[PDB]
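A.B. asks: Have a peek at structure-v3.pdb (PDB, C-alpha atoms and all ligand atoms).
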ATOM      1  CA  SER A   2      50.928  56.431  52.885
ATOM      2  CA  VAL A   3      54.764  56.802  52.822
ATOM      3  CA  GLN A   4      56.694  53.626  53.888
ATOM      4  CA  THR A   5      59.541  53.782  56.504
ATOM      5  CA  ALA A   6      62.367  51.557  57.843
ATOM      6  CA  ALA A   7      64.500  52.273  60.967
ATOM      7  CA  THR A   8      67.893  51.136  62.344
ATOM      8  CA  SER A   9      69.888  52.250  65.440
ATOM      9  CA  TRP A  10      73.285  51.474  67.066
ATOM     10  CA  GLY A  11      75.133  52.163  70.357
ATOM     11  CA  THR A  12      73.445  53.686  73.469
ATOM     12  CA  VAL A  13      73.411  57.466  72.558
ATOM     13  CA  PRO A  14      71.826  56.316  70.296
ATOM     14  CA  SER A  15      72.409  56.850  66.545
ATOM     15  CA  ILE A  16      69.109  56.384  64.576
ATOM     16  CA  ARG A  17      68.562  56.322  60.774
ATOM     17  CA  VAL A  18      64.956  56.476  59.403
ATOM     18  CA  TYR A  19      64.432  55.749  55.643
ATOM     19  CA  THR A  20      61.216  57.017  53.937
ATOM     20  CA  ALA A  21      59.969  55.710  50.541
ATOM     21  CA  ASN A  22      57.819  58.539  49.026
ATOM     22  CA  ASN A  23      56.886  59.255  45.342
ATOM     23  CA  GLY A  24      59.387  56.587  44.110
ATOM     24  CA  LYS A  25      62.341  58.032  46.136
ATOM     25  CA  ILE A  26      63.953  56.872  49.442
ATOM     26  CA  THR A  27      65.445  59.638  51.673
ATOM     27  CA  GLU A  28      67.179  59.400  55.096
ATOM     28  CA  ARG A  29      66.751  61.318  58.412
ATOM     29  CA  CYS A  30      69.479  60.988  61.109
ATOM     30  CA  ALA A  31      69.924  61.614  64.878
ATOM     31  CA  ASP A  32      73.205  61.109  66.873
ATOM     32  CA  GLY A  33      72.161  62.566  70.296
ATOM     33  CA  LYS A  34      71.077  66.118  69.248
ATOM     34  CA  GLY A  35      68.528  67.246  66.569
ATOM     35  CA  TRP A  36      67.448  65.431  63.363
ATOM     36  CA  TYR A  37      69.333  66.132  60.075
ATOM     37  CA  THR A  38      68.990  64.909  56.439
ATOM     38  CA  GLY A  39      71.355  62.003  55.564
ATOM     39  CA  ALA A  40      73.396  61.350  52.374
ATOM     40  CA  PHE A  41      71.129  58.441  51.196
ATOM     41  CA  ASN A  42      68.948  59.338  48.142
ATOM     42  CA  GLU A  43      68.117  56.402  45.763
ATOM     43  CA  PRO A  44      64.868  55.223  44.074
ATOM     44  CA  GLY A  45      62.350  52.876  45.788
ATOM     45  CA  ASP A  46      58.635  52.344  46.650
ATOM     46  CA  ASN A  47      59.508  49.867  49.492
ATOM     47  CA  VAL A  48      62.498  49.970  51.925
ATOM     48  CA  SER A  49      64.068  47.720  54.607
ATOM     49  CA  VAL A  50      67.372  48.309  56.475
ATOM     50  CA  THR A  51      69.820  46.500  58.800
ATOM     51  CA  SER A  52      73.133  47.743  60.302
ATOM     52  CA  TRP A  53      76.104  46.320  62.293
ATOM     53  CA  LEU A  54      79.199  47.818  64.026
ATOM     54  CA  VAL A  55      82.756  46.712  63.049
ATOM     55  CA  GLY A  56      84.398  48.242  66.161
ATOM     56  CA  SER A  57      83.415  51.978  65.958
ATOM     57  CA  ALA A  58      82.575  51.841  62.175
ATOM     58  CA  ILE A  59      78.824  51.535  61.284
ATOM     59  CA  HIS A  60      77.888  49.501  58.148
ATOM     60  CA  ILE A  61      74.317  49.929  56.758
ATOM     61  CA  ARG A  62      72.492  47.849  54.103
ATOM     62  CA  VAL A  63      69.300  49.445  52.620
ATOM     63  CA  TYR A  64      67.094  47.161  50.424
ATOM     64  CA  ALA A  65      65.194  49.406  47.935
ATOM     65  CA  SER A  66      62.353  47.704  45.938
ATOM     66  CA  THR A  67      60.678  49.045  42.735
ATOM     67  CA  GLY A  68      58.333  46.489  41.085
ATOM     68  CA  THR A  69      60.006  43.021  41.472
ATOM     69  CA  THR A  70      63.608  44.489  41.500
ATOM     70  CA  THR A  71      65.328  44.926  44.932
ATOM     71  CA  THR A  72      68.641  46.914  44.900
ATOM     72  CA  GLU A  73      70.988  46.705  47.950
ATOM     73  CA  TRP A  74      72.676  50.031  48.933
ATOM     74  CA  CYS A  75      75.835  49.865  51.117
ATOM     75  CA  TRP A  76      77.172  52.480  53.596
ATOM     76  CA  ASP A  77      80.748  51.607  54.746
ATOM     77  CA  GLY A  78      81.823  55.157  55.822
ATOM     78  CA  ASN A  79      82.664  56.806  52.428
ATOM     79  CA  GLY A  80      79.466  56.780  50.253
ATOM     80  CA  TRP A  81      76.319  54.812  49.247
ATOM     81  CA  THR A  82      77.326  52.102  46.677
ATOM     82  CA  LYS A  83      75.354  49.256  45.006
ATOM     83  CA  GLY A  84      75.812  45.839  46.724
ATOM     84  CA  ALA A  85      75.890  42.304  45.211
ATOM     85  CA  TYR A  86      72.408  41.324  46.617
ATOM     86  CA  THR A  87      69.999  39.549  44.192
ATOM     87  CA  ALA A  88      66.575  37.905  44.904
TER      88      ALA A  88
ATOM     89  CA  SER B   1      44.877  44.305  51.073
ATOM     90  CA  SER B   2      47.001  42.936  54.018
ATOM     91  CA  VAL B   3      48.101  44.374  57.431
ATOM     92  CA  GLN B   4      51.713  45.712  57.703
ATOM     93  CA  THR B   5      53.938  44.723  60.697
ATOM     94  CA  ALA B   6      57.242  45.828  62.303
ATOM     95  CA  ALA B   7      59.216  43.801  64.906
ATOM     96  CA  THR B   8      61.986  44.470  67.478
ATOM     97  CA  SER B   9      63.544  42.233  70.187
ATOM     98  CA  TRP B  10      66.111  42.624  73.018
ATOM     99  CA  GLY B  11      68.118  40.448  75.448
ATOM    100  CA  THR B  12      68.407  36.615  75.429
ATOM    101  CA  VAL B  13      64.936  35.683  76.903
ATOM    102  CA  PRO B  14      63.985  37.432  74.650
ATOM    103  CA  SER B  15      61.504  40.342  74.812
ATOM    104  CA  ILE B  16      59.717  40.866  71.420
ATOM    105  CA  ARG B  17      57.382  43.722  70.334
ATOM    106  CA  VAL B  18      55.312  43.367  67.086
ATOM    107  CA  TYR B  19      53.482  46.497  65.740
ATOM    108  CA  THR B  20      50.565  45.984  63.254
ATOM    109  CA  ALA B  21      49.107  48.753  61.015
ATOM    110  CA  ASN B  22      45.477  47.580  60.347
ATOM    111  CA  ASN B  23      42.969  49.875  58.493
ATOM    112  CA  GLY B  24      44.665  53.080  59.820
ATOM    113  CA  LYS B  25      45.285  51.831  63.437
ATOM    114  CA  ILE B  26      48.655  50.608  64.894
ATOM    115  CA  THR B  27      48.487  48.193  67.894
ATOM    116  CA  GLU B  28      51.297  46.354  69.776
ATOM    117  CA  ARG B  29      51.694  42.663  70.816
ATOM    118  CA  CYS B  30      54.360  41.779  73.445
ATOM    119  CA  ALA B  31      56.270  38.663  74.666
ATOM    120  CA  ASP B  32      58.615  38.742  77.749
ATOM    121  CA  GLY B  33      59.370  34.963  78.030
ATOM    122  CA  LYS B  34      55.796  33.749  78.790
ATOM    123  CA  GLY B  35      52.785  34.236  76.418
ATOM    124  CA  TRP B  36      51.742  37.152  74.137
ATOM    125  CA  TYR B  37      49.786  40.184  75.520
ATOM    126  CA  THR B  38      48.500  43.538  74.107
ATOM    127  CA  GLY B  39      50.911  46.425  74.912
ATOM    128  CA  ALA B  40      50.189  50.094  75.814
ATOM    129  CA  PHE B  41      51.075  51.414  72.278
ATOM    130  CA  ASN B  42      47.935  52.477  70.303
ATOM    131  CA  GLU B  43      48.269  55.332  67.707
ATOM    132  CA  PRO B  44      46.925  56.038  64.168
ATOM    133  CA  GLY B  45      48.955  54.974  61.084
ATOM    134  CA  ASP B  46      48.805  53.019  57.777
ATOM    135  CA  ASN B  47      52.591  52.231  58.002
ATOM    136  CA  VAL B  48      54.868  51.412  61.011
ATOM    137  CA  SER B  49      58.628  50.852  61.515
ATOM    138  CA  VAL B  50      60.439  50.331  64.866
ATOM    139  CA  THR B  51      63.959  50.320  66.341
ATOM    140  CA  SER B  52      65.071  49.762  69.976
ATOM    141  CA  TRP B  53      68.297  49.867  72.061
ATOM    142  CA  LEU B  54      69.244  48.931  75.666
ATOM    143  CA  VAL B  55      70.838  51.308  78.204
ATOM    144  CA  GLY B  56      71.941  48.595  80.689
ATOM    145  CA  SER B  57      68.679  46.594  81.249
ATOM    146  CA  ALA B  58      66.386  49.576  80.280
ATOM    147  CA  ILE B  59      64.741  49.240  76.798
ATOM    148  CA  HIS B  60      64.195  52.379  74.639
ATOM    149  CA  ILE B  61      61.790  51.959  71.648
ATOM    150  CA  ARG B  62      61.144  54.409  68.754
ATOM    151  CA  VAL B  63      58.018  53.662  66.613
ATOM    152  CA  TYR B  64      57.585  55.632  63.317
ATOM    153  CA  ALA B  65      53.829  55.836  62.461
ATOM    154  CA  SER B  66      52.925  57.252  58.976
ATOM    155  CA  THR B  67      49.573  58.619  57.632
ATOM    156  CA  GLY B  68      49.883  60.043  54.066
ATOM    157  CA  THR B  69      53.217  62.004  54.019
ATOM    158  CA  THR B  70      53.191  62.678  57.848
ATOM    159  CA  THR B  71      55.498  60.425  59.999
ATOM    160  CA  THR B  72      55.137  60.718  63.836
ATOM    161  CA  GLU B  73      57.855  59.264  66.148
ATOM    162  CA  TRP B  74      56.615  57.662  69.436
ATOM    163  CA  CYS B  75      59.084  57.095  72.329
ATOM    164  CA  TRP B  76      59.076  54.391  75.062
ATOM    165  CA  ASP B  77      61.671  55.076  77.841
ATOM    166  CA  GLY B  78      60.088  53.011  80.692
ATOM    167  CA  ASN B  79      57.176  55.285  81.818
ATOM    168  CA  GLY B  80      54.820  55.849  78.816
ATOM    169  CA  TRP B  81      54.595  56.638  75.059
ATOM    170  CA  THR B  82      55.603  60.303  74.274
ATOM    171  CA  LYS B  83      55.761  62.106  70.862
ATOM    172  CA  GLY B  84      59.436  62.397  69.744
ATOM    173  CA  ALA B  85      61.330  65.257  68.004
ATOM    174  CA  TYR B  86      61.516  63.357  64.620
ATOM    175  CA  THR B  87      60.446  65.459  61.575
ATOM    176  CA  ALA B  88      60.713  64.816  57.776
TER     177      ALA B  88
ATOM    178  CA  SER C   2      56.134  46.399  44.331
ATOM    179  CA  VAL C   3      57.663  43.464  46.326
ATOM    180  CA  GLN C   4      58.053  44.110  50.103
ATOM    181  CA  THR C   5      61.233  43.150  52.052
ATOM    182  CA  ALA C   6      62.358  42.747  55.686
ATOM    183  CA  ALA C   7      66.067  42.540  56.672
ATOM    184  CA  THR C   8      67.978  41.313  59.753
ATOM    185  CA  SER C   9      71.718  40.829  60.442
ATOM    186  CA  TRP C  10      73.903  39.456  63.283
ATOM    187  CA  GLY C  11      77.631  39.236  64.111
ATOM    188  CA  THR C  12      80.325  41.388  62.435
ATOM    189  CA  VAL C  13      81.125  39.414  59.179
ATOM    190  CA  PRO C  14      78.147  39.840  59.060
ATOM    191  CA  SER C  15      75.297  37.318  58.516
ATOM    192  CA  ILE C  16      72.335  38.979  56.650
ATOM    193  CA  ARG C  17      68.850  37.532  55.910
ATOM    194  CA  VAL C  18      66.480  39.391  53.492
ATOM    195  CA  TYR C  19      62.818  38.191  53.309
ATOM    196  CA  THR C  20      60.820  39.142  50.157
ATOM    197  CA  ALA C  21      56.986  38.955  49.932
ATOM    198  CA  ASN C  22      56.267  38.543  46.155
ATOM    199  CA  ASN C  23      52.751  37.622  44.831
ATOM    200  CA  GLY C  24      51.695  35.925  48.144
ATOM    201  CA  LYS C  25      55.042  34.022  48.546
ATOM    202  CA  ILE C  26      57.782  34.973  51.103
ATOM    203  CA  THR C  27      61.311  33.670  50.217
ATOM    204  CA  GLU C  28      64.686  34.198  51.997
ATOM    205  CA  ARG C  29      68.138  35.234  50.641
ATOM    206  CA  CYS C  30      71.206  34.713  52.890
ATOM    207  CA  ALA C  31      74.794  36.105  53.127
ATOM    208  CA  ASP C  32      77.423  34.706  55.603
ATOM    209  CA  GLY C  33      80.547  36.420  54.107
ATOM    210  CA  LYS C  34      80.953  34.471  50.787
ATOM    211  CA  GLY C  35      78.039  35.469  48.478
ATOM    212  CA  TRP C  36      74.195  35.266  48.458
ATOM    213  CA  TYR C  37      72.274  31.918  48.569
ATOM    214  CA  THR C  38      68.555  30.929  48.876
ATOM    215  CA  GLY C  39      67.594  30.072  52.503
ATOM    216  CA  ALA C  40      65.391  27.259  53.929
ATOM    217  CA  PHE C  41      62.502  29.744  54.734
ATOM    218  CA  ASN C  42      59.439  29.450  52.407
ATOM    219  CA  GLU C  43      55.940  30.537  53.667
ATOM    220  CA  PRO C  44      52.827  32.308  52.272
ATOM    221  CA  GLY C  45      52.307  36.061  52.937
ATOM    222  CA  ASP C  46      51.915  39.506  51.260
ATOM    223  CA  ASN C  47      53.716  41.368  54.129
ATOM    224  CA  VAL C  48      56.821  40.343  56.190
ATOM    225  CA  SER C  49      58.760  41.719  59.201
ATOM    226  CA  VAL C  50      61.713  40.040  61.001
ATOM    227  CA  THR C  51      63.685  40.290  64.257
ATOM    228  CA  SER C  52      66.655  38.149  65.430
ATOM    229  CA  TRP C  53      68.815  37.832  68.591
ATOM    230  CA  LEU C  54      71.925  35.869  69.694
ATOM    231  CA  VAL C  55      71.938  33.669  72.848
ATOM    232  CA  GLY C  56      75.735  33.446  73.154
ATOM    233  CA  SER C  57      76.773  32.339  69.598
ATOM    234  CA  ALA C  58      73.330  30.770  68.729
ATOM    235  CA  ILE C  59      71.082  32.831  66.331
ATOM    236  CA  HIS C  60      67.255  32.898  66.789
ATOM    237  CA  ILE C  61      65.022  34.445  64.032
ATOM    238  CA  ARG C  62      61.287  35.348  64.179
ATOM    239  CA  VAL C  63      59.560  36.110  60.809
ATOM    240  CA  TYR C  64      56.004  37.628  60.896
ATOM    241  CA  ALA C  65      54.114  36.704  57.665
ATOM    242  CA  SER C  66      50.714  38.444  57.065
ATOM    243  CA  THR C  67      47.813  37.466  54.724
ATOM    244  CA  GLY C  68      44.835  39.863  55.105
ATOM    245  CA  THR C  69      44.568  40.425  58.922
ATOM    246  CA  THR C  70      46.177  37.026  59.901
ATOM    247  CA  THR C  71      49.884  37.207  60.997
ATOM    248  CA  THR C  72      51.775  33.855  61.413
ATOM    249  CA  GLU C  73      55.123  33.750  63.342
ATOM    250  CA  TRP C  74      57.893  31.411  62.019
ATOM    251  CA  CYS C  75      60.786  30.455  64.362
ATOM    252  CA  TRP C  76      64.442  29.564  63.558
ATOM    253  CA  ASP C  77      66.319  28.183  66.644
ATOM    254  CA  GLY C  78      69.249  26.343  64.941
ATOM    255  CA  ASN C  79      67.500  23.281  63.377
ATOM    256  CA  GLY C  80      64.459  24.349  61.244
ATOM    257  CA  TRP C  81      61.507  26.779  60.725
ATOM    258  CA  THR C  82      58.628  25.966  63.169
ATOM    259  CA  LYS C  83      55.196  27.595  63.880
ATOM    260  CA  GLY C  84      55.422  30.185  66.731
ATOM    261  CA  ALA C  85      52.801  30.984  69.433
ATOM    262  CA  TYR C  86      52.311  34.643  68.202
ATOM    263  CA  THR C  87      48.654  35.763  67.751
ATOM    264  CA  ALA C  88      46.901  39.175  67.288
TER     265      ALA C  88
HETATM  266  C1  LIG A 101      77.827  60.722  58.475
HETATM  267  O1  LIG A 101      76.871  60.385  57.467
HETATM  268  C2  LIG A 101      75.585  60.097  58.009
HETATM  269  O2  LIG A 101      75.624  58.879  58.769
HETATM  270  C3  LIG A 101      75.987  57.720  58.015
HETATM  271  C4  LIG A 101      76.091  56.530  58.962
HETATM  272  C5  LIG A 101      74.940  57.491  56.932
HETATM  273  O3  LIG A 101      73.674  57.227  57.561
HETATM  274  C6  LIG A 101      74.886  58.735  56.042
HETATM  275  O4  LIG A 101      73.923  58.596  54.995
HETATM  276  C7  LIG A 101      74.572  59.976  56.877
HETATM  277  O5  LIG A 101      74.579  61.154  56.060
HETATM  278  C1  LIG A 102      81.278  42.771  50.576
HETATM  279  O1  LIG A 102      79.993  42.663  49.961
HETATM  280  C2  LIG A 102      79.100  43.726  50.293
HETATM  281  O2  LIG A 102      78.776  43.700  51.691
HETATM  282  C3  LIG A 102      78.127  42.495  52.120
HETATM  283  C4  LIG A 102      77.901  42.535  53.630
HETATM  284  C5  LIG A 102      76.818  42.308  51.355
HETATM  285  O3  LIG A 102      75.915  43.369  51.699
HETATM  286  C6  LIG A 102      77.101  42.293  49.857
HETATM  287  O4  LIG A 102      75.904  42.197  49.086
HETATM  288  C7  LIG A 102      77.831  43.566  49.461
HETATM  289  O5  LIG A 102      78.147  43.484  48.066
HETATM  290  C1  LIG A 103      55.808  47.333  80.076
HETATM  291  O1  LIG A 103      55.023  47.802  78.980
HETATM  292  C2  LIG A 103      55.097  46.951  77.832
HETATM  293  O2  LIG A 103      56.447  46.836  77.358
HETATM  294  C3  LIG A 103      57.025  48.096  76.993
HETATM  295  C4  LIG A 103      58.486  47.873  76.609
HETATM  296  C5  LIG A 103      56.212  48.732  75.865
HETATM  297  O3  LIG A 103      56.305  47.893  74.707
HETATM  298  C6  LIG A 103      54.751  48.899  76.283
HETATM  299  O4  LIG A 103      53.943  49.394  75.214
HETATM  300  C7  LIG A 103      54.203  47.550  76.750
HETATM  301  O5  LIG A 103      52.867  47.703  77.251
HETATM  302  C1  LIG A 104      65.475  62.216  73.740
HETATM  303  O1  LIG A 104      64.869  62.457  72.472
HETATM  304  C2  LIG A 104      64.063  61.364  72.036
HETATM  305  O2  LIG A 104      64.872  60.207  71.799
HETATM  306  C3  LIG A 104      65.857  60.395  70.779
HETATM  307  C4  LIG A 104      66.769  59.175  70.725
HETATM  308  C5  LIG A 104      65.141  60.665  69.463
HETATM  309  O3  LIG A 104      64.313  59.542  69.132
HETATM  310  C6  LIG A 104      64.305  61.935  69.609
HETATM  311  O4  LIG A 104      63.573  62.239  68.421
HETATM  312  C7  LIG A 104      63.329  61.790  70.770
HETATM  313  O5  LIG A 104      62.658  63.038  70.990
HETATM  314  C1  LIG A 105      71.815  27.651  58.065
HETATM  315  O1  LIG A 105      70.594  27.860  57.347
HETATM  316  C2  LIG A 105      70.458  29.184  56.832
HETATM  317  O2  LIG A 105      70.598  30.161  57.875
HETATM  318  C3  LIG A 105      69.601  30.093  58.898
HETATM  319  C4  LIG A 105      69.933  31.117  59.975
HETATM  320  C5  LIG A 105      68.229  30.333  58.274
HETATM  321  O3  LIG A 105      68.179  31.659  57.723
HETATM  322  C6  LIG A 105      67.979  29.281  57.195
HETATM  323  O4  LIG A 105      66.718  29.495  56.560
HETATM  324  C7  LIG A 105      69.093  29.311  56.154
HETATM  325  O5  LIG A 105      68.899  28.252  55.204
HETATM  326  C1  LIG A 106      59.507  29.768  72.956
HETATM  327  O1  LIG A 106      58.413  30.355  72.251
HETATM  328  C2  LIG A 106      58.748  30.726  70.916
HETATM  329  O2  LIG A 106      59.754  31.746  70.924
HETATM  330  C3  LIG A 106      59.351  32.939  71.599
HETATM  331  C4  LIG A 106      60.559  33.859  71.698
HETATM  332  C5  LIG A 106      58.192  33.566  70.836
HETATM  333  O3  LIG A 106      58.618  33.894  69.508
HETATM  334  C6  LIG A 106      57.040  32.564  70.808
HETATM  335  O4  LIG A 106      55.930  33.039  70.047
HETATM  336  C7  LIG A 106      57.506  31.251  70.202
HETATM  337  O5  LIG A 106      56.443  30.299  70.303
END
Kindly return the structure encoded in the file as C-alpha cells.
Ligand SMILES: CO[C@@H]1O[C@@H](C)[C@@H](O)[C@@H](O)[C@@H]1O
Ligand SMILES: CO[C@@H]1O[C@@H](C)[C@@H](O)[C@@H](O)[C@@H]1O
Ligand SMILES: CO[C@@H]1O[C@@H](C)[C@@H](O)[C@@H](O)[C@@H]1O
Ligand SMILES: CO[C@@H]1O[C@@H](C)[C@@H](O)[C@@H](O)[C@@H]1O
Ligand SMILES: CO[C@@H]1O[C@@H](C)[C@@H](O)[C@@H](O)[C@@H]1O
Ligand SMILES: CO[C@@H]1O[C@@H](C)[C@@H](O)[C@@H](O)[C@@H]1O
C.D. replies:
Amino acid sequence: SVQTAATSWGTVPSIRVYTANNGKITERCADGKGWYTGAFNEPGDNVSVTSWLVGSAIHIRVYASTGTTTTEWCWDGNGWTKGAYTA
Amino acid sequence: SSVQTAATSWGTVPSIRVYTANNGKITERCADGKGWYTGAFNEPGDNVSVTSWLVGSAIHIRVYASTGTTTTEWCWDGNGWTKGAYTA
Amino acid sequence: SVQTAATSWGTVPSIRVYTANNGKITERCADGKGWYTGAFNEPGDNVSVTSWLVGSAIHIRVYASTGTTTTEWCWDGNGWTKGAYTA
C-alpha cells in the first residue's frame, strides 16, 4: 500500500498528511475548510513528520527515507529546504 | 513481515491511542491512566497514521487508513468514528 | 527502505527520530545545537512514537514491532524502561 504520516496544530485545526507513493512523497492540507495539495514534493518510500509552533509560525520536519538514506525536509514559512539531519 | 503502528497522546495523565495495521486490519489499543483496553476503532488498512488535537478537554482524532493507493480518513469527535472529507 | 518515527517538544525545539534498520531501532536527537545519537537502542522492524510534557518534564513512548509483537519503551527523565502496553 501507500505509506502516510500526519501532523496537526492549533484547534481549527490545521492538518498536513504526507503520502509516500511510487517513490514520491506528496502533501494534502486542511485549515478549517476543504482539502488542498501542499507545496511539499520530494522523493521517498517511507515518511515521518513532526511540527511545532514558534508563536503563530508553524515549523515542519519531514523525514523521507529511500533505501538506508533518510533526508530531513524543513518548512519554516518560505519553502521546503534540506535539513542537517543524519542517521 | 511485521505489523505497522501509529501512536498519539494528549494531556498530562496521559491518554494514549496506538493503532496497529495487521494483515489488512487496523485495531486500536487505549490507555487513560489505568491499564490498556481495546478501543472502538476497527477499519481495513495495510498502513495507518494518526494525529489528534484538544478543544478544551475534548479530544479530536484523525486516523488515515490506506489500502493500495486509497487513503480513508476516520474521525473521532466524542460520539463515534465517521468517514472524513480527506481525499488524495 | 528504513522506516522512521519522529516526535518533537518545546519551541527550540527538541526532536527525536527513531529508525528501524535491519531489525535494529536507533535514536537521533536534536536540542538546538546539532544531531547526536540517543540512549534508545531496541530490536524492531517497525517503530512509532508519541511524547508529552508534564510541566517541563518530557515523557516518550516508543512502540517497537517484530512480526505481530509490539513492545512499548518508556522515557520518564532517567532511562528507557519496559512499558505495560500489550495487543
Ligand atoms: C501555506 O503552505 C501550506 O502550508 C504550509 C504549512 C506547508 O504545509 C506547505 O507545504 C503548504 O503548501
Ligand atoms: C536549524 O537547523 C534546522 O532546524 C532544526 C530544528 C533541525 O531540523 C536541523 O536538522 C535543521 O537543519
Ligand atoms: C472513549 O472511547 C475510546 O477513546 C476514544 C478517544 C477513541 O479512541 C475510541 O475509539 C475509544 O474506544
Ligand atoms: C469537520 O471535518 C472533519 O474534520 C476536519 C478537521 C477534517 O479532518 C475533515 O476532513 C473532516 O471531515
Ligand atoms: C537526555 O537523553 C536524551 O534525550 C532523552 C529525551 C532521550 O531521547 C534519550 O534517549 C537521549 O539520550
Ligand atoms: C505508568 O505506566 C507507563 O506509562 C503509561 C503512560 C503507559 O505508557 C504504560 O504502558 C506504561 O507502563
A.B. asks: Find the residues near ligand LIG 104 (chain A). Use a cut-off of 7 Å, count all atoms listed in the file, and write them as a tab-separated table (two decimals) with C-alpha atoms, in the frame of the given file.
C.D. replies:
chain	number	residue	atom	x	y	z
A	14	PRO	CA	71.83	56.32	70.30
A	31	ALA	CA	69.92	61.61	64.88
A	33	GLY	CA	72.16	62.57	70.30
B	62	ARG	CA	61.14	54.41	68.75
B	73	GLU	CA	57.86	59.26	66.15
B	75	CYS	CA	59.08	57.10	72.33
B	83	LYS	CA	55.76	62.11	70.86
B	84	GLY	CA	59.44	62.40	69.74
B	85	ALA	CA	61.33	65.26	68.00
B	86	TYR	CA	61.52	63.36	64.62
A.B. asks: Show me which bits of chain A are within 6 Å of chain B, counting only C-alpha atoms, as number ranges by chain.
C.D. replies: A: 2-8, 12
A.B. asks: Running the PyMOL selection byres (((not hetatm)) within 10 of (chain A and resi 103)) on this model by hand, what would come out? Give it as a count of residues only.
C.D. replies: 32
A.B. asks: Could you pull out every residue with an atom within 12 Å of (81.7, 57.8, 54.2), file coordinates, counting only C-alpha atoms, and send them as a PyMOL selection string?
C.D. replies: chain A and resi 39-41+58-61+75-82
A.B. asks: Evaluated on this file, the PyMOL selection byres (((chain C and resi 23) around 9) and not hetatm) picks out some residues - which ones are they, written as a VMD selection string?
C.D. replies: chain C and resid 3 21 to 22 24 to 26 45 to 46
A.B. asks: Per residue of chain C within 9 Å of ligand LIG 102 (chain A), record the nearest atom pair and its distance in Å to one decimal, counting all atoms listed in the file, with rows in chain order and ascending residue number, as CSV.
C.D. replies:
residue,atom,partner,partner_atom,distance
C:13,CA,A:LIG102,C4,7.1
C:14,CA,A:LIG102,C4,6.1
C:15,CA,A:LIG102,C4,7.6
C:16,CA,A:LIG102,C4,7.3
C:31,CA,A:LIG102,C5,6.8
C:32,CA,A:LIG102,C4,8.1
C:33,CA,A:LIG102,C4,6.7
C:34,CA,A:LIG102,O1,8.3
C:35,CA,A:LIG102,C6,7.0
C:36,CA,A:LIG102,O4,7.2
A.B. asks: Tell me, how big is the Cα RMSD between chain C and chain A, fit done by least squares on all Cα paired in order?
C.D. replies: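 When all C-alpha atoms are superposed, the deviation is 0.4 Å.
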A.B. asks: Would you list the contacts of residue 35 in chain B as a VMD selection string, taking every protein, DNA or RNA residue within 10 Å and counting only C-alpha atoms, but skipping same-chain residues closer than 5 positions in sequence?
C.D. replies: (chain B and resid 30) or (chain C and resid 85 to 87)
A.B. asks: Take every atom of range 34-45 of chain C listed in the file, pad by 6 Å on each side, and give me the axis-aligned box centre and edge lengths in Å, one decimal, as lines of an AutoDock Vina configuration file.
C.D. replies:
center_x = 66.6
center_y = 31.7
center_z = 51.6
size_x = 40.6
size_y = 20.8
size_z = 18.3
A.B. asks: Check what the PyMOL selection byres ((chain A and not hetatm) within 8 of (chain C)) selects in the file above and give those residues as number ranges by chain.
C.D. replies: A: 46-55, 64, 66-71, 85-88
A.B. asks: What is the distance, in Å and to one decimal place, between CA of residue 42 in chain C and CA of residue 84 in chain C?
C.D. replies: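 These atoms are spaced 14.9 Å apart.
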A.B. asks: Using Å and a single decimal, report how far CA of residue 44 in chain A sits from CA of residue 65 in chain A.
C.D. replies: 7.0 Å
